[PDB]
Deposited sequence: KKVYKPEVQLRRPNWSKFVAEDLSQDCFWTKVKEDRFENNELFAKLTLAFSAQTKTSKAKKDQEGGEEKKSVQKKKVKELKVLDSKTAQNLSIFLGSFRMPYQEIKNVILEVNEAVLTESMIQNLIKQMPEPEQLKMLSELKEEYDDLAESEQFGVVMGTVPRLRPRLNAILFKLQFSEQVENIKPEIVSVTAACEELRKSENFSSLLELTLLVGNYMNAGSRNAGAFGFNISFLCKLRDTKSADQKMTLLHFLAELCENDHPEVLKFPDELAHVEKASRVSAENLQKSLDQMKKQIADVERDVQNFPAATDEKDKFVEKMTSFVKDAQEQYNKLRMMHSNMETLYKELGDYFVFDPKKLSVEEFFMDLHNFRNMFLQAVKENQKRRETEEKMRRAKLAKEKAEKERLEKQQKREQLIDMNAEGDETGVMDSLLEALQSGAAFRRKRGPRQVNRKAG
């Protein structure tokens, strides 16, 4: 057959057969095509699956990327130049500035465009804009330093938090006596098991080993050294179970990156040094719209202020950690901060779970003892009821007995048969 649909539908891109040679005496030959045709069918079907001037300087690629950008941006080329000189943040945005830096012609192209500032109305719209920028002295330094200022507040807050977390963790750990307790307990229990071993009488173990306690199982691998320590705490030292709460920042610290932090700070100090060097080479402003050197010196101050706060906090953070290492006896230099707080975070989580698993074990154990009790009480209750029934008639001894039935009946009459 042949169809003709008004609306072009999405199709199954199969590989077709054609009657000619493709068919023979198969299934497909004996197929009545109208056997299923409705006009409603193709109705419902088409419903669901329907498929509804001239350039005097710039190369051809730049004039086209600007022709785009510019048509979209839409702002007096003069207004733009103004917001750049004033550094008017009332109009500036981070995105806005980055587009400018990416779209901007090269410095040479702008050089050759501000020597053509004679024939202004004669140029393509993509070079009218380029002329206007050819004015602003030290354009790219201007833009970069502006961008940095736009980004500064935000890039501080991707640093402070982490240094806070990690500092907190380091303090929390050193101050948690419930954690100290668990450690002492562990040394005790460990030193007993290691009796007569090479590991006998230890003054301490490495704190990293905590996540391995669990690996120490009983005979029937039904119990671990961690569940044991946790049950001990639960039964005889409830106070220790509270240590997971005395480490609120350990989880956040485990997620930090001491490297990215070290870099992040180091980059901020370079970016200030770069701005600082653009302010110290800057032509004295021709006109009063050029509030640059003014605003950036104000800024390069505040920036170095905040930066130095940060570098403190961070040099302090590194000291805490290095002292953690003195205190619990480990090589700070062998284990990144996060690796360390991850091991600790993992341990804490294991411990919380051990406690839980213990509680469920103890429940399952009650259940099984109580069943034993009731099932045994049952074998007694009945054995005793059976014994009372055999006190009526012993169905096995004296044969030449009569009155057996008269006995049963008197017991029944009197109540005696029932107990």
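Of the deposited sequence, positions 1, 54-77, 445-457 lack any modelled C-alpha atom.
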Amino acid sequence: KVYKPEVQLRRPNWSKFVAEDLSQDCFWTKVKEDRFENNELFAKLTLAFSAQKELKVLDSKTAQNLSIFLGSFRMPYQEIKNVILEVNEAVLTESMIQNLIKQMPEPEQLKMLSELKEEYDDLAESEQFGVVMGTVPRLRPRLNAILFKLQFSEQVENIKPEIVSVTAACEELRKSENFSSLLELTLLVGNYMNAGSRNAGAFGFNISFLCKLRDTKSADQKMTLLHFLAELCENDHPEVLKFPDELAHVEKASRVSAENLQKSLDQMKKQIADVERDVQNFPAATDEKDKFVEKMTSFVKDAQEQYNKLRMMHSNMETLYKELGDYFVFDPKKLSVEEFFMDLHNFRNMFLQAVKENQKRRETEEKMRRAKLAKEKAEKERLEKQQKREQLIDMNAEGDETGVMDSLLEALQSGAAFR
From here on, numbers count along this sequence of modelled residues.
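Averaged over Cα atoms, the B-factor as recorded in the entry is higher for 134-142 than for the other of 134-142 and 160-168.
The PDB entry reports B-factors from which the mean C-alpha value can be compared for 226-234 and 77-85; the larger average falls on 77-85. Per the deposited coordinates, the residue with the largest Cα temperature factor out of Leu310, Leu187, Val300, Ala219 is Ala219. Of the candidates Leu383, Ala43, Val355, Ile393, it is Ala43 whose Cα B-factor is highest according to the PDB record. Per-chain ranking of the deposited C-alpha B factor places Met350 in the lowest third. In the PDB entry, a CA B factor belonging to the lowest third of its chain's modelled residues is recorded for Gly325. Among the modelled residues of its chain, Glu401 has a C-alpha B-factor that falls in the middle third, as given in the PDB entry.
Among the modelled residues of its chain, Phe243 has a C-alpha B-factor that falls in the middle third, as given in the PDB entry. In the deposited entry, the Cα temperature factor of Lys61 places it in the highest third of its chain's modelled residues.
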